[PDB]
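Visitor: I am attaching a structure below and will ask some questions about it afterwards.
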Amino acid sequence: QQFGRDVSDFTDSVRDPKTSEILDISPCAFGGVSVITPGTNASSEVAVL
Amino acid sequence: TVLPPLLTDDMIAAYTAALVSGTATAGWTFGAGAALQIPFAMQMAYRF
Amino acid sequence: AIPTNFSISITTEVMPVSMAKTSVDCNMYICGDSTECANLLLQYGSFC
Ligand SMILES: *[C@@H]1O[C@H](CO)[C@@H](O)[C@H](O)[C@H]1NC(C)=O
C-alpha cells in the first residue's frame with residue numbers, strides 16, 4: 001500500500017515514499033467568523049468568535 | 001405508476017361500520033375502553 | 001355493565017424536538033480551495 005483513504009474517498013493518509021513513514025493529512029484550518037457587539041449605540045468595541 | 005393502498009376499501013368500510021355498531025350498542029364505553037352493553041337512550045342520557 | 005375492578009398502566013411515546021444543526025462552508029465544498037474555483041465563483045455572486 002502507498003496511501004490511505006478515509007470513510008469518504010479523500011486521501012487523508014500518506015506514507016512517505018522516501019522513508020516509509022506513514023503520516024496523516026489534516027485540513028489546514030477553516031471555520032466560521034462571528035462577531036460580538038453590544039450595539040453601536042452602546043460601544044465601539046467588539047469580540048470575535 | 002400508481003400503487004393501490006394496503007388498507008383496502010372494504011377494510012376501510014369494515015373499520016368504519018364497527019365505529020357505528022359499537023357506538024350504537026356501547027356508546028361512550030366504545031371509545032373509553034372495554035365497550036360496555038347499555039341502552040342507547042341511556043347513552044344519550046349520559047351525553048346530554 | 002359497570003366496571004367493578006380495574007387496573008392502571010404506564011405507556012410511553014417518543015417524539016423528536018430538535019435536529020442535528022449543521023453548516024456548510026462553500027469553499028471547502030464546491031472548491032476544495034483551488035484558486036480557479038473561487039474566481040469562477042464570483043460569476044455566481046453571493047449565492048453561498
Ligand atoms: C444612543 O444613541 C443616541 C443618539 O443616537 C444617544 O442620544 C444615546 O445617549 C445613546 N445611548 C447611550 C446609552 O449612550
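Naming works like this for the C-alpha cells: A, B, ... for the chains as they're shown, residue 1 at the start of each chain, ligands 1 onward in shown order.
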Write as a list in words the residues around ligand 1, taking 9 Å as the cut-off and counting only C-alpha atoms and all ligand atoms.

Guide: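 So the residues close to ligand 1 are residues 40, 41, 42 and 43 of chain A.
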
Visitor: Could you list, as an mmCIF file with N, CA and C atoms, in the first residue's frame, every residue of chain C that has an atom within 12 Å of an atom of chain B, counting only C-alpha atoms?

Guide:
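The resulting part.cif:
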data_model
loop_
_atom_site.group_PDB
_atom_site.id
_atom_site.type_symbol
_atom_site.label_atom_id
_atom_site.label_comp_id
_atom_site.auth_asym_id
_atom_site.auth_seq_id
_atom_site.Cartn_x
_atom_site.Cartn_y
_atom_site.Cartn_z
ATOM 1 N N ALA C 1 -73.670 -2.977 32.020
ATOM 2 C CA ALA C 1 -72.455 -3.487 32.633
ATOM 3 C C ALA C 1 -71.606 -2.328 33.136
ATOM 4 N N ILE C 2 -71.177 -2.415 34.389
ATOM 5 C CA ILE C 2 -70.401 -1.357 35.028
ATOM 6 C C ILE C 2 -69.109 -1.985 35.539
ATOM 7 N N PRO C 3 -67.954 -1.327 35.386
ATOM 8 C CA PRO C 3 -66.702 -1.901 35.896
ATOM 9 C C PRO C 3 -66.673 -1.969 37.415
ATOM 10 N N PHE C 6 -60.390 -2.856 38.432
ATOM 11 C CA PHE C 6 -59.750 -2.116 37.357
ATOM 12 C C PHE C 6 -58.250 -2.375 37.408
ATOM 13 N N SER C 7 -57.506 -1.607 36.624
ATOM 14 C CA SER C 7 -56.056 -1.636 36.656
ATOM 15 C C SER C 7 -55.555 -0.238 36.340
#

Visitor: If I take CA of residue 12 in chain C and CA of residue 30 in chain B, how far is one from the other in Å, to one decimal?

Guide: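 Distance between the two atoms: 22.9 Å.
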
Visitor: Go through chain A and flag each residue having an atom no more than 10 Å from chain C; for those, report the closest pair of atoms plus their distance in Å to one decimal, using only C-alpha atoms, ordered by chain and rising number, as a Markdown table.

Guide:
| residue | atom | partner | partner_atom | distance |
| --- | --- | --- | --- | --- |
| A:27 | CA | C:28 | CA | 9.7 |
| A:30 | CA | C:28 | CA | 8.3 |
| A:31 | CA | C:25 | CA | 7.6 |
| A:32 | CA | C:25 | CA | 8.1 |
